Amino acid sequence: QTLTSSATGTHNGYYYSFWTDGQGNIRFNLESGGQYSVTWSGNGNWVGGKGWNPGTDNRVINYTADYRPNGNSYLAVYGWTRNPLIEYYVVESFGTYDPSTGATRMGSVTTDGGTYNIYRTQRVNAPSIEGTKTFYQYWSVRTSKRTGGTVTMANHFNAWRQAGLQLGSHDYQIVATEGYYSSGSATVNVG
């Protein structure tokens, strides 16, 4: 099951979402259980992974990953909420581009053996699950990169909410890999 375009659905019990601007080279493959693998290069913009839909406030995610990025790429819990429309990330690892760059710092949170700095950014007239919109992005960026472990979402959501970053109703919630004008390979197994 190799994707040929942006797509969503459920595979082996796990929701999957793959979004691509169709550029560059990419092969996103749905694999056994909660696993997926992706190989990419060129000048593409994409993000995809496996997880759940809808996401929940207290989900405890356990994942493993063989992550090998080259350029601007992220390995992170990724999802959206509506009312308000929010795109959020719990960055476990990243490439050459630090998501915190020029972002508004909103404190930090210690959870699952790690420490994460919190940030808020904004996307204007950008693609979203509701079409072209202007919305905020919330971030939890690990101070030390890792490619496997447990992520207690309640600790991140509560840290954001308390910092004044409101969350809406949950849309999807996945362990995603993202890339922008980058290359690499990744095999991620959720659950």
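The first residue of the shown sequence is 1; numbering continues from there.
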| item | value |
| --- | --- |
| Mean C-alpha B-factor comparison - 73-81 and 112-120, higher one | 112-120 |
| Given 144-152 and 42-50, the range whose Cα B-factors average higher in the PDB entry | 144-152 |
| For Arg27, the third of its chain into which the C-alpha B factor falls | lowest |
| Within-chain third of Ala186 by Cα B-factor, per the entry | middle |
| Third of the chain's Cα B-factor distribution that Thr132 belongs to, per the entry | middle |
| Third of chain Cα B-factors occupied by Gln35 | lowest |
